[PDB]
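> What follows is a single structure, and I will ask about it in a moment.
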Amino acid sequence: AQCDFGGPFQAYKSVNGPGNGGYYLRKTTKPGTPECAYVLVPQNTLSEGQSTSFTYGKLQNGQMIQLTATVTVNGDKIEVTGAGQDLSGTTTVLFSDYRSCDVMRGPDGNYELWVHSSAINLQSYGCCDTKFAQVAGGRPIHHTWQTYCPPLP
Ligand SMILES: NCCc1c[nH]c2ccc(O)cc12
């Protein structure tokens, strides 16, 4: 069935997602990103314009490390503060199904596919794959999640 890439797309709904678990950074056009990079959905429901803490991490020494930063949501903007030299800054939601996957423009201008822990082992990410392919174009793709990645904390 056809995908609908007309928005608008609402950041608080993207960041809340299915209402549980978290998202792995599955593919990106930015090189050098830490293997198994992920965010957890915030512990409490976000509504429009709010700021909240969230956990994020990556694989390190066989374990998923947890760090915290702040995320504030407005329109299609996910604004991250206090996450250092990777996740901090403005992420824009280009597409999302509010459930399993998102396609973003990251703060550096790169494109990103994020996939919910419930859907990460699927063979195809459906409409997000189609959207990520569109925006990524002929740019090199880096595959950040691998089947050896531990499960989310
Ligand atoms: N579901 C939104 C996944 C995601 C991508 N980039 C993010 C930055 C902060 C955040 O809480 C979440 C994200």
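Chain labels run A, B, ... following the order of the structure tokens; each chain numbers its residues from 1, and ligands are numbered from 1 in the order shown.
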Residues up to 6 Å from ligand 1, counting only C-alpha atoms and all ligand atoms: could you list those as a list in words?

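Counting only C-alpha atoms and all ligand atoms, the residues within 6 Å of ligand 1 come out as residues 14, 15, 17, 23, 39, 54, 71 and 114 of chain A.
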
> Could you write those residues out with N, CA, C and O atoms, as a short mmCIF file (atom, residue, chain, number, x, y, z; two decimals), in the first residue's frame?


data_model
loop_
_atom_site.label_atom_id
_atom_site.label_comp_id
_atom_site.auth_asym_id
_atom_site.auth_seq_id
_atom_site.Cartn_x
_atom_site.Cartn_y
_atom_site.Cartn_z
N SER A 14 6.72 11.28 17.22
CA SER A 14 7.87 10.49 16.83
C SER A 14 8.69 10.03 18.06
O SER A 14 9.09 8.87 18.16
N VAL A 15 8.99 10.97 18.95
CA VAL A 15 9.82 10.68 20.11
C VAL A 15 9.11 9.74 21.10
O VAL A 15 9.75 8.88 21.71
N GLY A 17 6.79 7.51 20.07
CA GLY A 17 6.71 6.27 19.31
C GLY A 17 5.58 5.37 19.79
O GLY A 17 4.55 5.86 20.24
N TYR A 23 14.75 3.10 20.05
CA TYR A 23 15.08 3.12 18.63
C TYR A 23 16.59 2.98 18.41
O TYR A 23 17.39 3.67 19.06
N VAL A 39 18.47 5.40 21.19
CA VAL A 39 17.82 6.25 22.17
C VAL A 39 16.71 5.41 22.76
O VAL A 39 16.24 4.47 22.12
N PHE A 54 16.01 12.01 28.41
CA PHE A 54 15.93 10.72 27.74
C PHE A 54 17.28 10.06 27.80
O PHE A 54 18.30 10.72 28.02
N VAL A 71 15.69 16.54 25.59
CA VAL A 71 15.08 16.67 24.27
C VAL A 71 13.82 17.55 24.41
O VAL A 71 13.04 17.38 25.34
N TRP A 114 15.92 5.52 11.80
CA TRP A 114 15.84 4.98 13.14
C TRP A 114 14.76 3.94 13.19
O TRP A 114 13.73 4.13 12.63
#

> Between A:128, A:152, A:67, A:11, which residue has the minimum interatomic distance to residue A:24, considering only C-alpha atoms?

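When distances to residue A:24 are compared using only C-alpha atoms, the smallest one comes from A:152.
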
> Can you tell me, as a list in words, what residues are no more than 12 Å from residue A:145 when counting only C-alpha atoms, ignoring any on the same chain fewer than 6 positions away?

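My reading of the contact set: residues 23, 24, 25, 26, 27, 28, 33, 34, 35, 36, 37, 38, 58, 59, 112, 113, 114, 115, 116, 117, 120, 121, 151 and 152 of chain A.
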
> Neighbouring residues of residue A:106 were defined as those with any atom within 7 Å, considering only C-alpha atoms; residues of the same chain fewer than 6 positions away were excluded. Please report them as a ChimeraX atom specification.

/A:90-92,112

> Please write the residues from the selection above to a file, keeping C-alpha atoms, as a JSON list (two decimals), in the first residue's frame.


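That gives us out-v1.json:
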[["chain", "number", "residue", "atom", "x", "y", "z"],
["A", 90, "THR", "CA", 18.33, 20.00, 15.83],
["A", 91, "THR", "CA", 16.98, 16.77, 14.36],
["A", 92, "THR", "CA", 14.07, 17.14, 11.90],
["A", 112, "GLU", "CA", 19.07, 8.86, 9.28]]

> I'd like to know which of A:127, A:133, A:93, A:122 is closest to residue A:9, using only C-alpha atoms.

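Once distances to residue A:9 are computed over only C-alpha atoms, the minimum belongs to A:93.
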